[PDB]
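Structure first, commentary second.
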Amino acid sequence: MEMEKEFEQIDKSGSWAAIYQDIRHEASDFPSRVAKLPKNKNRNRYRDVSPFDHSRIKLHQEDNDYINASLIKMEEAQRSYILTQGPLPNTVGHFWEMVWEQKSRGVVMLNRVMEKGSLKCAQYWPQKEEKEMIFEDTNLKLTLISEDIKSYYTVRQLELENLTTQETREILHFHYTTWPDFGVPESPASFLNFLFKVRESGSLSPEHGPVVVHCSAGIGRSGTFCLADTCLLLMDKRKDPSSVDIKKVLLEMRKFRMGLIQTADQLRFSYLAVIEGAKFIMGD
Ligand SMILES: COC(=O)c1cccc(NS(C)(=O)=O)c1
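According to the entry's author numbering, the sequence shown is numbered sequentially starting from 1.
Okay, here's the thing in structure tokens:
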């Protein structure tokens, strides 16, 4: 079926939970043996969220190459994304090592450091220009260059230096600051505006390594971001945009990381975002 009318048909019939459970039943199951090794317990935020072995990002290190991060490679859309958990106190150095080694331009953050009165990820970037951060375990230095605070999101320019080689690179930090503590946003308008700002920066383009996207577990809000982006790109590429099937795209992405889209409310929000986004692209 088309999307917008499949949408109204699920709303009127109140069957979002049944649609979402079908997705969960059909989703791929692949091994994640490296994630479950005892030496990696303090590298995982949640015991039930792990990268598959076949698609995990490897650190360029001979001691321990493990990070909780996955490469989502979308062949028809010609887009790639790295989805990862919010960094932990003992993985902030690994996080920036990955950004460096994978040649990423942008980092997309969809959570606040504290939500619901608890810590959802480490404070992994500097908050003042004159107070830079050094990660001694991976030999990197990170400096805040500039910060632009808007009503729904903040953009930061950061400098990452590889202290071994003295090479430097500019990294863009895109921080969506207004996702509610419970549920999903009422309108997708600010989330779509944010997606378009990431796109306009070059961070999603083939001349760079894959964008790094995270929330707390790296599967819920993060899944919504890459699902909406890929569906809108396919609607631009194809002769028949109504052929884009958001459930099929989601199942394809779940071949590369488990659990993408965590609730039926997130599934409904993803439909809403793609539907509204397709009108703004045009032609309008
Ligand atoms: C404050 O940092 C920024 O907003 C910033 C800095 C440097 C470059 C960009 N790129 S763009 C595509 O959003 O125009 C943004």
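Beta carbons: idealized from backbone N, C-alpha and C, even for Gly.
Outcome for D229 when other beta-carbon atoms lying within 10 angstroms are tallied against a minimum of 16: Answer is buried; the Cβ neighbour count reaches 16.
Own chain residues within Cβ distance below 8 Å of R33, not counting five before or after: Taken in chain order, the residues that qualify are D53.
Residue closest to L195, alpha-carbon to alpha-carbon, out of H175, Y124 and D181: Distances from the alpha-carbon of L195 to those of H175, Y124 and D181 put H175 closest.
beta-carbon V155 near ligand 1 non-hydrogen atom, thresh 8 Å: Yes.
Spatial neighbours of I19 in its chain, beta-carbon cut-off 8 Å, leaving aside the 5 residues before and after: Counting only Cβ-Cβ distances below 8 Å, and skipping sequence neighbours, we find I10, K247, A264 and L267.
Through-space distance from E159 to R105, alpha-carbon basis: 11 Å
Cβ-heavy atom distance, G183 to ligand 1, below 8 Å: no
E147 Cβ short of 8 Å to ligand 1 heavy atom set: Taking 8 Å as the cut-off, the C-beta of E147 counts as close to a heavy atom of ligand 1.
Straight-line Cα distance separating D240 from residue 292: Lying outside 1 to 284, the shown extent of the chain, residue 292 is not represented and no answer is given.
Stretch pair the stretch 112-121 + the stretch 94-101: three plus CB contacts closer than 8 Å: no
Spatial distance of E276 from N44 (CA atoms): 36 Å
Contact test: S201 Cβ vs ligand 1 heavy atom, cutoff 8 Å: yes
Reduced DSSP secondary structure (H/G/I, E/B, other) of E167: strand
Contact set for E132: own chain, Cβ-Cβ below 7 Å, skip 5 residues either direction: Cβ neighbours of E132 beyond the five flanking positions: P126, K141, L142 and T143.
Cβ contact check for the stretch 212-232 and the stretch 150-168: 3 or more pairs under 8 Å: no
Straight-line Cα distance separating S28 from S190: 32 Å
Cβ-heavy atom distance, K197 to ligand 1, below 8 Å: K197: yes, Cβ under 8 Å from ligand 1.
3-residue-minimum beta strand (DSSP E) runs that sit fully inside the stretch 178-224, ordered along the chain: 211-214
Burial state of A17 (16 or more Cβ within 10 Å): exposed
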